[PDB]
């Protein structure tokens, strides 16, 4: 019968829903940094550009960290389908706040709404995609491959459309276009989900038991009281600046995997065999952190280079952000044929982590060339950025599909659900690491910034190549 490229027609609803949410999110990311530059130039925002770059990095870090909790909220409390809807309302509200005739006072309110909203939506839309296929359906992998296609599709047209609207009608209209994009998504999701989505997912599939309610309430209350207490003593000591808070969220985002790691490597009930699998995974987790740190600097550091060091007079600078989802859509049909046809001697999944990290380092090493040859005073060809993005995404084609499968294969049965978080949390730690590194990038440190962090990523990819045989053997 009639399908959506061979899959049930319910996929088209979740295709549209996530395409328009990625449209709203990445359409905002393409102009949010430049919007902060504008507020700084008018004296309305009293921070430096290095701090504004840190905000962008720690913003993304909290979004991924929020994406590790929304799955628990839906599957236990509110339900997957209500989490996508109300998550989308919070995202729409976040963009509406920026569309209002406000300035810097609306930045923190808008950021919180999108952080909470994205955590409810992104994990539970992927969850609803799986619910379209009863088990044994081998169309599942092809359906998710089409789902991620709409993800990249929305991330591609958003910087082009939203960036052009900013040049024509200003920032407030451009931010309203992002809110409208989320509005189109909730329209197709609400009315489309009422026809093809299973009504069982209107409630939590694993609701709380009566004896589970009180301990969960105590657990979330102690974490809030402690986090509030940490903020209290900061202002008393005097560490009450915006870089001080960003450092706090940097520490709490990095301590979560560090505490989870020390919590896992120390337990006795795991015995020796599965204990080495956790130790051997540490070189893999740190490599994912370094890659996602480089990949997420495209919307921060590379966006700064595009506006200041590239002669892009005939088009909006924010259009460079479309290069990241463009190469993904171009690389996917090639790598889809590659991994299946390469039956002879396909490299191990740890090696793909190493080569993926080396290519992310080659992307930054490439960016050090124009500043060393021409200097940092003038403008260079826009082809330097399209070559940098081409390299870092080649590293993503090797790391992103293999990444989650690596953590699951090395995960002991007692750490499985927690090990899965370690993979998703590597994106939050990479952006948390960026919140400190992007401050070092400026006009006079361009060549050094790209050289040291680029070579350091290449060297650490060489080290993983050596350690690849030992880690694959444990699998």
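The term rigid core refers to the maximal set of C-alpha atoms that superpose within 1.5 Å between the two forms. Positions refer to the first chain, counted from 1.
Peer 1: If you line up the core and then measure how far each C-alpha sits from this form in 9 other deposited structures of this protein, which stretch comes out higher, 240-248 or 279-287?
Peer 2: Result of the core-fitted comparison in 9 other deposited structures of this protein: 279-287 deviates more.
Peer 1: Going by root mean square C-alpha distance after a core fit, say whether 134-142 or 203-211 is farther from the shown form in 9 other deposited structures of this protein.
Peer 2: When 134-142 and 203-211 are compared in 9 other deposited structures of this protein, 134-142 lies farther out.
Peer 1: Of the other PDB entries compared that resolve residues on either side of residue 409, does at least a third omit it?
Peer 2: In at least a third of the comparable entries (those modelling both sides of it), residue 409 has no coordinates.
Peer 1: Is it the case that, in at least a third of the other entries compared (those modelling both flanking residues), residue 421 has no coordinates?
Peer 2: No, residue 421 has coordinates in all the other entries compared.
Peer 1: Given the B-factors recorded for C-alpha atoms, which segment has the greater mean, 334-342 or 93-101?
Peer 2: The deposited B-factors put 334-342 ahead on the C-alpha mean.
Peer 1: Tell me which of 399-407 and 120-128 has the higher mean C-alpha B-factor in the deposited entry.
Peer 2: In the deposited entry, the stretch with the higher C-alpha B-factor mean is 399-407.
Peer 1: Highest Cα temperature factor in the entry, among the options 30, 52, 422, 440: which one is it?
Peer 2: By C-alpha B-factor in the record, 422 ranks first.
Peer 1: In terms of CA temperature factor as recorded, identify the highest of 299, 271, 376, 110.
Peer 2: Comparing C-alpha B-factors across 299, 271, 376, 110, the top value belongs to 271.
Peer 1: Please rank the C-alpha B-factors of the chain's modelled residues and tell me whether residue 11 sits in the lowest, middle or highest third.
Peer 2: As the PDB entry reports it, the C-alpha B-factor of residue 11 lands in the middle third of its chain.
Peer 1: For residue 138, does the deposited CA B-factor place it in the lowest, middle or highest third of the chain?
Peer 2: For residue 138, whose C-alpha B-factor we compare with every modelled residue in the chain, the answer is the highest third.
Peer 1: Ranked by Cα temperature factor within the chain, is residue 451 in the lowest third, the middle third or the highest third?
Peer 2: Its C-alpha B-factor, which the entry lists for residue 451, ranks in the middle third among residues of this chain.
Peer 1: Would the CA B-factor of residue 350 place it in the lowest, middle or highest third of its chain?
Peer 2: Highest third, going by the recorded CA B-factors of the chain.
Peer 1: Among the modelled residues of its chain, does the C-alpha B-factor of residue 67 lie in the lowest, middle or highest third?
Peer 2: For residue 67, the deposited C-alpha B-factor lands in the lowest third.
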